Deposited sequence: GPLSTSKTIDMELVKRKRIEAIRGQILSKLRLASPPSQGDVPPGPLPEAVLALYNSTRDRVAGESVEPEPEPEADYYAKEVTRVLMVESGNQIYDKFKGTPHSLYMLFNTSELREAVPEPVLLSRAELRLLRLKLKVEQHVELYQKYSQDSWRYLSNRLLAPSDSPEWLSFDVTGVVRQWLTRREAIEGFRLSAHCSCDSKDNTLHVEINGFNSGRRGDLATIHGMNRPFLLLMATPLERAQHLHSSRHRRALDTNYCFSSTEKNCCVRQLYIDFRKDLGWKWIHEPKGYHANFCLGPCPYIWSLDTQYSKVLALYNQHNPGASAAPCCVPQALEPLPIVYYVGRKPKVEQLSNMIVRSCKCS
């Protein structure tokens, strides 16, 4: 291990140097930004709090994201004391969260830059299981179902998240000043012999730590490859290549009755470092979505999206239908 540990350190240094170009290329910077103007001392109150929640454990829901970094912003809902109580007065099992659309356009000027928008809630009900549903205020009159969530009991207050990216993108398109969501308890009912059975504050609503929208978008200053593009175009870079395999013609096998063949495509092509490649084009950028130059020390043209293959074959007199995983290559990536 005397002459192997030192070899390991060279790999670690190779990884570190790739990360140097890795971070700078993501930020679309040739060199680290100038610091002469920066105030010394601790970070501001809003900056630390913004960075805090990005690391915090949140509740998940259950096109692919790009290589370059996303600017994260957040907008807290309109304050509790004003406006949000008179229109929905005394609703026992419904929580309303409305946002100023101009505050969203201040963070994200145009919708095309927005890549993800999350609605955040500070859940408090520790001991009992609850089933909730999320709704979007499309118009002033009706609400539309978005999603639901079965919430198991948790001993500690937990931050809940709802992916409302598609909804917030439509909000950035609209000029209407106020938009919002509605979180209500799950309704369970059933009709039977002309009878009908029906079964049905949770979170911080005021000040800081009230519900908010977390926006991840490409900043304005900075404003994989599936078979549907790899089969049409001839590319020098890493991509999917067609290969139909006949169990008779190519493998000399007769025991697979169904199918007689399938498209087992392969990945083939050079994977240069993303910063070593020409200025970014939409067709070349896709490959690099999971790009981590130092991870494997040498990036390879490997598959991303794969599909299974069901087959039919015999064991004696007995026919068997089986499914094989990861047989069909649908996309390739450099990583």
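Sequence ranges absent from the coordinates, based on the deposited chain and numbered from 1: Seq positions lacking coordinates: 1-3, 66-71, 210-218, 242-251.
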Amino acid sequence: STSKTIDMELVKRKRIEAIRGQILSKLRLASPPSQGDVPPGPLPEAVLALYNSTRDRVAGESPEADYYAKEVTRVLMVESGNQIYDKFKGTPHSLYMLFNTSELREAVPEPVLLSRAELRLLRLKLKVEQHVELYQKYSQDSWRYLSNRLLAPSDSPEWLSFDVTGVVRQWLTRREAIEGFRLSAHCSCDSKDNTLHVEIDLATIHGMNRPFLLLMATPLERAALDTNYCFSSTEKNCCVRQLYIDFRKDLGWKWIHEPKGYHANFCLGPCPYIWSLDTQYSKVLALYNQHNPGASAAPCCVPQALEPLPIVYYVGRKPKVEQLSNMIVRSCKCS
From here on, numbers count along this sequence of modelled residues.
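260-268 or 93-101, whichever carries the higher mean Cα B-factor: Result: 93-101.
Between the two ranges 241-249 and 172-180, the one averaging a larger CA B factor in the entry: For C-alpha atoms only, the mean B-factor is higher in 172-180.
Largest Cα B-factor, entry values, listed residues 80, 148, 136, 115: Result of the comparison over 80, 148, 136, 115: 80.
Peak C-alpha temperature factor (PDB record), options 140, 161, 165, 227: Comparing C-alpha B-factors across 140, 161, 165, 227, the maximum falls on 140.
Third assignment of residue 123 from its chain's C-alpha B-factors: As the PDB entry reports it, the C-alpha B-factor of residue 123 lands in the middle third of its chain.
Third assignment of residue 74 from its chain's C-alpha B-factors: For residue 74, the deposited C-alpha B-factor lands in the middle third.
CA B-factor ranking of residue 64, expressed as a third of its chain: As the PDB entry reports it, the C-alpha B-factor of residue 64 lands in the middle third of its chain.
Third of the chain's Cα B-factor distribution that residue 231 belongs to, per the entry: According to the entry, residue 231 has a C-alpha B-factor in the chain's middle third.
CA B-factor ranking of residue 12, expressed as a third of its chain: Residue 12: CA B-factor falls in the middle third of its chain.
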